[PDB]
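Chains, contacts and geometry: an overview
Here is how the chains run, residue by residue.
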There are 12 protein chains.
Amino acid sequence: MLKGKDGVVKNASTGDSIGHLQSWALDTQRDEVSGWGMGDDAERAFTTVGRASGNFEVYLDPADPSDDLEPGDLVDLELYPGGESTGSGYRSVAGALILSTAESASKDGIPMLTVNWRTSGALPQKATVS
Amino acid sequence: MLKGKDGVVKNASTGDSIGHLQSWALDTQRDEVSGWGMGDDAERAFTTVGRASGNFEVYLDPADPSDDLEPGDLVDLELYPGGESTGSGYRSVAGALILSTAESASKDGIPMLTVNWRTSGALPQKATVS
Amino acid sequence: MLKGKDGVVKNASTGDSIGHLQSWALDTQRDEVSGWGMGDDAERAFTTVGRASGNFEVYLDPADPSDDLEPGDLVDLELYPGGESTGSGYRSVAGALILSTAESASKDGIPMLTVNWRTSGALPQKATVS
Amino acid sequence: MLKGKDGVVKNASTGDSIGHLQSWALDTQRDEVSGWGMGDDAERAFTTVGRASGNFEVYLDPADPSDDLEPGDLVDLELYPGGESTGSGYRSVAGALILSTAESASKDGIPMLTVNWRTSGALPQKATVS
Amino acid sequence: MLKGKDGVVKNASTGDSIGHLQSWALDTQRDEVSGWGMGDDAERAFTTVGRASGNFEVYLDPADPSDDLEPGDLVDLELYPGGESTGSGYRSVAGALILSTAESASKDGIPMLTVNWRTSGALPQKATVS
Amino acid sequence: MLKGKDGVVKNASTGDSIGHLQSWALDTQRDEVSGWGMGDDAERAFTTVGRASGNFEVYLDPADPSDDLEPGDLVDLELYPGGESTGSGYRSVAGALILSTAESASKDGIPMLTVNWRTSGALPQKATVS
Amino acid sequence: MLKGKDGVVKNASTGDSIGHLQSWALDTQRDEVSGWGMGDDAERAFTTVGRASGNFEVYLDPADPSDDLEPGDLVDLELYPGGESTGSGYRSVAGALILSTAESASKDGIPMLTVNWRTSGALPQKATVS
Amino acid sequence: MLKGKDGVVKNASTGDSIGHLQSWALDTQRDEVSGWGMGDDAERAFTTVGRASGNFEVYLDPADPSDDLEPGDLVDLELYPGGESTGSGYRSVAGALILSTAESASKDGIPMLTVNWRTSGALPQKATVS
Amino acid sequence: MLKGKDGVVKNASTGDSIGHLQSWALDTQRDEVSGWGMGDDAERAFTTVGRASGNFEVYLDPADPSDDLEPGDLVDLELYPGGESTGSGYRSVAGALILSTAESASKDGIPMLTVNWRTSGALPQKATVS
Amino acid sequence: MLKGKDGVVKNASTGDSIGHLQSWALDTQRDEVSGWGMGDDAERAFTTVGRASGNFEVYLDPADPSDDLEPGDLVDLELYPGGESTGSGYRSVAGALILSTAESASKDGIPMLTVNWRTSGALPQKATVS
Amino acid sequence: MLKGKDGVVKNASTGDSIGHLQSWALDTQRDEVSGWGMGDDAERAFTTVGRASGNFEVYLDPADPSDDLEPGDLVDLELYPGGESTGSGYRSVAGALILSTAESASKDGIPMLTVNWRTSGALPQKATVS
Amino acid sequence: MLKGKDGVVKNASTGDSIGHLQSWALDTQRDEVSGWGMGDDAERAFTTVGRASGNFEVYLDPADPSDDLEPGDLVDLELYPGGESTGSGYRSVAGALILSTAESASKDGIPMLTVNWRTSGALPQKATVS
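Each value, and the rule that gives it
Residues numbered from 1 in each chain as written, not as in the entry; some residues may be left out. Chains lettered and ligands numbered in written order. Part of a larger assembly, values for the part shown. Heavy atoms only, no water. Helix = DSSP H or I, 4+ residues; strand = E, 2+ residues; numbered from the N terminus. Rg over C-alpha atoms; globule rule 2.2 N^0.38 Å. Buried < 20%, exposed > 50% of the residue type's maximum accessible area, 1.4 Å probe, protein only. Contact = heavy atoms within 4.5 Å. Areas by Shrake-Rupley, 256 points an atom, 1.4 Å probe, with all protein chains shown as cover. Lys, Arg positive; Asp, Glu negative; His and termini not counted. Charge placed at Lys NZ, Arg CZ, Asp CG, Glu CD. Buried area = accessible area lost by both parts, 1.4 Å probe. Salt bridge = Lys/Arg side-chain N within 4 Å of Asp/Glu carboxyl O. Polar contact = N/O pair within 3.5 Å; in protein donor to acceptor, adjacent residues only side chain to side chain. Nonpolar A, V, L, I, M, F, W, Y, C, P; charged D, E, K, R; others polar. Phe/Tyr/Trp six-rings, centres within 6.5 Å; stacked < 30°, edge-to-face > 60°. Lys NZ or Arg CZ within 6 Å of the ring centre and 35° of its normal. Pairing = 2+ DSSP bridges. Least-squares fit on C-alpha atoms.

Regarding how it was determined, this PDB entry cites cryo-EM in its header, along with a resolution of 3.43 Å.

When its secondary structure is counted, chain A shows zero helices and seven strands. The helix and strand sequence of chain A, counted from the amino end, reads β-β-β-β-β-β-β. Over its C-alpha atoms chain A spans a radius of gyration of 18 Å, topping by over 25% the 14 Å that the globule rule assigns to 130 residues. Each of the three principal axes of chain A carries a C-alpha extent, and together these read 65 × 40 × 30 Å. The buried share among the 130 residues of chain A stands at 53%. Long-range pairs, those at least 24 residues apart, make up 61% of the contacts in chain A with a sequence separation of at least 6. Total accessible area on chain A is roughly 5300 Å²; 43% of this is exposed by carbon and sulfur atoms. Computing the positive centroid from 10 side-chain charges and the negative centroid from 20, chain A places the two 8 Å apart.

Here we take up the interface of chain A and chain B. Facing the 29 residues of chain A at the interface are 32 residues of chain B. Summing both sides of the interface, chain A and chain B together bury roughly 2600 Å²; the carbon and sulfur share of this comes to 53%. Viewed at the interface, chain B and chain A are joined by seven salt bridges. The interface formed by chain A and chain B contains 13 residue pairs in polar contact. Breaking the side of chain A that touches chain B down by element, the ones donating at least two residues are β3 (21-35) and β4 (44-59) of chain A. For the side of chain A that touches chain B, the leading source of residues is β3 of chain A, giving 11 residues. Residues belonging to the side of chain A that touches chain B are distributed by class as follows: 10 nonpolar, eight polar and 11 charged.

The next subject is the packing of aromatic side chains. Taken as a whole and judged by the stated rule, the model has 12 aromatic pairs over all chains. Relative to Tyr90 of chain G, the ring of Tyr80 of chain G has its centre 5.1 Å away and its plane inclined at 10°; by these criteria the two rings are stacked. Highlighted residues: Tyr80 of chain G in strand β5 (residues 74-80) and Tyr90 of chain G in the loop between β5 and β6 (91-104), separated in sequence by 10 residues. Using a relative accessible area of 7% as the deciding quantity, one classes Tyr80 of chain G as buried. Taking relative accessible area as the criterion, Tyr90 of chain G reaches 19% and is therefore assigned buried. Above the ring of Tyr80 of chain F, the side-chain terminus of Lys10 of chain F is found at 5.7 Å from the ring centroid.

Here the focus is the pattern of salt bridges. Opposite charge on two side chains lets them pair, provided their charged atoms get close. Using the criterion set out here, one finds 113 salt bridges over all chains in the structure. A salt bridge links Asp67 of chain A to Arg91 of chain F; the shortest N-O distance between them is 3.3 Å. One end of the pair, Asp67 of chain A, is in the loop between β4 and β5 (74-80); the other, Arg91 of chain F, is in strand β6 (residues 91-104), on a second chain. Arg91 of chain F carries the same exposure label as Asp67 of chain A, and that label is buried. Through salt bridges with shared partners, a single network forms among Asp31, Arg51 and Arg118 of chain A together with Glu32 and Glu43 of chain F.

A few words now on the interface of chain I and chain A. Across the boundary between the two partners, chain I contributes 11 residues, which contact nine residues of chain A. Buried surface at the junction of chain I and chain A, both sides included, amounts to about 740 Å², of which 63% is carbon and sulfur. Our count for the contact surface shared by chain I and chain A stands at zero salt bridges. For the interface between chain I and chain A, the tally reads three residue pairs in polar contact.

Right, let's get into the pairing of strand β3 (residues 21-35) of chain C. Burial of β3 of chain C is extensive: 11 of the 15 residues sit out of reach of the surface. Two strands pair when backbone bridges link them, and β3 of chain C and strand β6 (residues 91-104) of chain D are joined in this way by three bridges, in the antiparallel orientation. Bridged to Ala25 of chain C within β6 of chain D is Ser104 of chain D.

Rotating chain A by 59° and translating it 0.3 Å along the rotation axis places it on chain B, where the RMSD comes to 0.0 Å. The transformation relating the two chain copies, once decomposed into turn and shift, fits a six-fold axis. Ranked by how close their C-alpha atoms come to the rotation axis, the residues of chain A are headed by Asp31 of chain A, at 21 Å. Interface overlap between copies is the fraction of interface residues in one copy that are interface residues in the other; for chain A against chain B it is only 3%, indicating separate surfaces.

Residue and element names in this part refer to chain B. Tracing the sequence through the fold places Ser88 in the loop between β5 (74-80) and β6 (91-104). For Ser88, the side chain forms a polar contact with the main-chain oxygen of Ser85, separated by 2.9 Å. Those residues in contact with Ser88 that lie beyond four places of it in its chain are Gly82, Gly83, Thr128 and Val129.

Let us look at the side chain of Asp61 of chain K. Among the structural elements, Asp61 of chain K can be located in the loop between β4 (44-59) and β5 (74-80). Salt bridges are absent for the buried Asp61 of chain K, whose nearest opposite-charge side chain, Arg44 of chain F, sits at 7.0 Å. Contacts of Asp61 of chain K, omitting those with residues within four sequence positions, involve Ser66 and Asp67 of chain K together with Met1 of chain L.

Right, let's get into the arrangement of the chains. In this structure chain E stays clear of chain G, and the shortest span between their C-alpha atoms is 25 Å. With no contact between them, chain I and chain L keep their nearest C-alpha atoms 11 Å apart.

All names here are of chain A. If you trace the backbone, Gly7 turns up in the segment before β1 (8-11). Residue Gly7 is classed as partly exposed on the basis of its relative accessible area, which comes to 21%. For the pair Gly7 and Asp41, spaced 34 residues apart in sequence, the C-alpha to C-alpha distance is 47 Å. Apart from the residues lying within four places of it in its own chain, the contact partners of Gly7 are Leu21, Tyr80 and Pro81.

The subject of this paragraph is the environment of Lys5 of chain G. Checked against the element boundaries, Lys5 of chain G lands in the segment before β1 (8-11). For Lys5 of chain G and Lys126 of chain G, which are 121 residues apart along the polypeptide, the C-alpha to C-alpha distance reads 20 Å. Ignoring any residue separated from it by four or fewer positions in sequence, one finds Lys5 of chain G in contact with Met38 and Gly39 of chain B, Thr47 and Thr48 of chain C together with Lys107 of chain H.

So, about the pairing of strand β5 (residues 74-80) of chain F. Residue and element names in this part refer to chain F. Within β5, five of the seven residues are buried, which leaves the element mostly enclosed by the surrounding structure. Across four bridges, strand β1 (residues 8-11) lies against β5 in antiparallel orientation. Pairing of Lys10 across the sheet is with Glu78, part of β5. Judged from the five bridges that link them, β5 and β6 form a sheet pairing that is antiparallel. In the strand pairing of β6, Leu79 is matched with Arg91.

Our next topic: the environment of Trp24 of chain G. Following the sequence through the fold, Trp24 of chain G ends up in strand β3 (residues 21-35). As for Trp24 of chain G and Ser34 of chain G, which are separated by 10 residues in sequence, their C-alpha atoms are 33 Å apart. Not counting chain neighbours up to four residues away, the residues in contact with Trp24 of chain G comprise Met38 of chain B, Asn55, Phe56, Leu79 and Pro81 of chain G together with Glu103, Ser104 and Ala105 of chain H.

This is the structure we're talking about:
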């Protein structure tokens, strides 16, 4: 049961936390393939190839490392679900591909920014901080 | 009327409970085929081939057997809906295929993990614990 | 205005009530066919062939006749919307085809089971109990 | 502003109110066709052919004229939105085609029935009761 | 900031307000077309042809000018968002094509009517009442 | 953390604030392309071409610069998320293409207007006001 | 506008409906001959000799009169496009020549049979059932 | 822009509309002849002789003037693309030669009939109805 | 209405089912001959000589009796459209000539094999299993 | 990147736009001739003589200059792919030979006309409008 | 049921896998010869001579062994449908004749290459890897 | 795996990129010759002579080097599948013969141009840019 309010995201290439974070997310998939013949009871399957994707939502501030993210950039990410304290696992993604951003606001809210990324060629490598 | 808060899931291959569980689910299907002729009142049907699928949601903790689950792995599962007390039925699935995982968090919550699996070649075999 | 809390479902073949029931449902359809010509005001229609389908949700208990239901089985059903008291209509379905089941649970609930069936060759025959 | 709780539906062929009604509905449509050329500012349209459809929901009671409705029947309907008092408009539909029914219940409710119909060859003819 | 409760709709051809109104709506669109070549950074666009559409919902009363609206009719509309007081802009639509109507009711409500229209050949012409 | 209630939008061509604003929004995308061969573990990707889109919602008033916006117009926009005070970043979009508008009202509300635009040939150019 | 789902085909010689029918078809042709001279504006034509052909597709069942059809057989057919009710026209073909059959199936379908015939010496004689 | 749903076809000889029409079609051709010499840049051409052809598809009904059409008949046709209202052009074909018919049906459709004709000696003469 | 998913094919010479089947097919033909004289209304026909042909598609597995099939082999086949249960008709072909095979695969599929055969000297002999 | 919705076609002889256009097309070809000797690696080629062809599709209206087009006519065409604004290239074809026309309609469409032409003796001469 | 995503192709002469593969295919044929006499029921056949052919599609990369393939080359191929693991059958073709290649691309795709080959003098020799 | 959206085509003679490209394509062939004798098992083959062909599709713009391409011209081409960056292979074709062009448009599209060429005397010479 990790705290959840200690989550830290970093741009690994430049070494700088994101900023006013609100939520993160991650995912992993593999495609399936199913087949069966005339006279079988159950159908078989297997997994071909894998992906990864995720996003995060921050408060919009122009003076942040969150501002430099632009669609099409390649960035090395590190997600700390439980903080940076030693022994806390962190998923590090190499070659993360930023796909789209979406800024918005309301008459009674704070301008928010949603970055949405993807993986390109590599998969999230789990690890344990020292 | 089983308790519901006693549900236990196990990795049958290695023999280790999952961890901080939140909910599980299971399913079974068979495809249908319908036909009728010119001049019939009702249409006929039958079932061809079967499947199974399900998922479960846990609290994210790196030091757990829940962490070793990766998309594409083949694992032997056992679901105890009412606990491990003798005489409690348990659905055991052989060759379960883990298909996708999805980790997430919020600024006021606990990091959660959703594993989502499938069956490959075999179907859930009901039984009764000794 | 039937009571609704007296509803009874039976496996007609073996003669045994289902168990801890939560809700039932039923349906009937007929396909439509519409046509019109160049210079018509309204379009005509008619009904070709009929079906039936429904489901029900029970509390999961292994020691019940609800447990023996498996996808692909053929079972003779009888639905008593208002109980078994004499003069209460009951829809009896012959050759009901059970299509899928879906068991689930939560950390603060009761394990539930949803059976989902269909009709194959026959249609629900209304009647009046003696 | 009609009362709404006085709505009466009738089977015009046999002359018998439906029963414990809960809600009714009606509709009318005409298909559209749009076209434009290279160099036009706005696009033109027109309406080809018309339909009608609707439904109503009643409490399930076997001893009612609502029970005799079966998918595929042809029935002459009359809808009184504001009651049967003189001078109250009523939409009368000839050759209404009943398309599907759907009975259901819950463990804490009343068994309900939803009839769903259509029009075949004719359109709803408004009128004013004497 | 117009009042919103003063909105008036008229049938311009005959000169008669609608009746017990509940809400109106309007819309305008133009289709887009996008293209790009091998080696471009951004994609270009432009707008081809335009439309208009909208609806309104009234209380069902047979003795109203709202009753004469039938699918397929051509009517000249005028929408006064802020009333008929001098200097209040009003969108006047010529050749409005009424496409569908949908009457309904409940056991504890008022019978309502939803008219749904379109434009055919012309576009809404803004203006300012004298 | 920008205030959010100070957001200002301008028509850059004519130099005039919009009016009673309620909310704005913006977006940027780039399409993705994925490929893999027989015998690969992960799938590769890259981004081809980019877009931009957004909208904003105002109170409907005929005597405003918001009224002159018509579908199909080309307008130069400037969005000030945090006001016009010096040092506040503003996204300026050149050649913004207005795509659709949607006016509406209720019996207990204020007539609202939703403008919905797009970009054509250029992308939002961030900057910092002097 | 005949129903289409009432179509009946018969072997007139033995008097037995076909079986589970799916679709029928028929055709009639006459060859053309065109000629023109040096200095003519349009070309002339006429029709020499006529034929007939068609087919039908049934569900494959060995215990049917559909099974006895073999390529090369001569059979007297009668096609009822709208059923056998009195006053319904039926095309009766004498000396129909069955030319080819084609049985097939899939892993998720019903074995189907396509009979394909021709006419030999006579042409389809329309009539009206008594 | 003619309506298209008002198209009327007539047998000019007997004066009777066809019936439930679905679509019509027409055509005109002239053969080409090309030649060139040793040392020319472009090739020359001209048109020798002309034809006409077309078809139409109706719902199959034995009690119609559509039923009397048989391959080999000579019939005088008139096609009204936009109806019979005065001032609407109509292509009248003299000596139309009916070449083939093709009736068909499905288990969920309406029996359709496709007549296919030709011209013999004359060409379609355009005109304007009075 | 045979099940279709129970179809069994056998090599009659060695007595061994094929394997993972996907679909089968069969055919029978006879050539036609048509003639007519100067002054006849319809043309006559008859059938000269017959053939047979078909195929089937299996999943590619080297350890199967499907693997031993090579183009040019002579094999005795038996097709069970509805299984091997007693009373189920089966078409037995003697001297079947295997004509061609075609193996293929995709990056996300299962390697498939299509055998395509013919008959040589004999025709399919229908029968009924004991 | 020309707009495409501004395309204008003209009859150059009489000076009158076509009408409700839907699409145009054009083409140019030259025949090829290939040869090689005993002992050559690649084969040679060259182009002998050229042609041109194209078509266009309009909405059928009798009161248009599109109506006067008849197969066999010689007409001087001018195609403006991007409109008639100054500096817009236009392909002018002299002695265009109209080869065939094809009118058609549907029960839910607009009567369309497809003109199909050719070139005779001359080739399309590109130019630039003043 | 081989995996299908493990398929490996090799140039046997030089010993080097192809590269980014997408799909392969193979085929075998033998010509047929049919004859019959005046007075026979069925027609006889036999197979004369055999061939082989196939292709495969790869991603275009100049730095690959796929690049060295040129039309007219003679290459020794080996196809591993299920990978190179021991006991996996592989079809080895000697003297494969590469017949044609076809490179292509799109504005939103990956440049692909399709090699298309044939056999010359020898036939595919099945085997089993050690 | 080349990007595919970076493809560049050049007119090598004048040194000027084409323009708004959409897709390219290329091909190479060699004819085959097969022979066999009375008493052989497989048939032999070989390749005689080679060709090349391809095309590409661009947006129609008169102010481009794409406009100067005319059927019959001889042009020296260079295709860069992966761009002009150093080390990227490019197929250079000498003496390319342009065979035909085909311009077209729609009422909701962009005027497109398809050039279609051939090779004359030489074959595509692969290379590697410096």
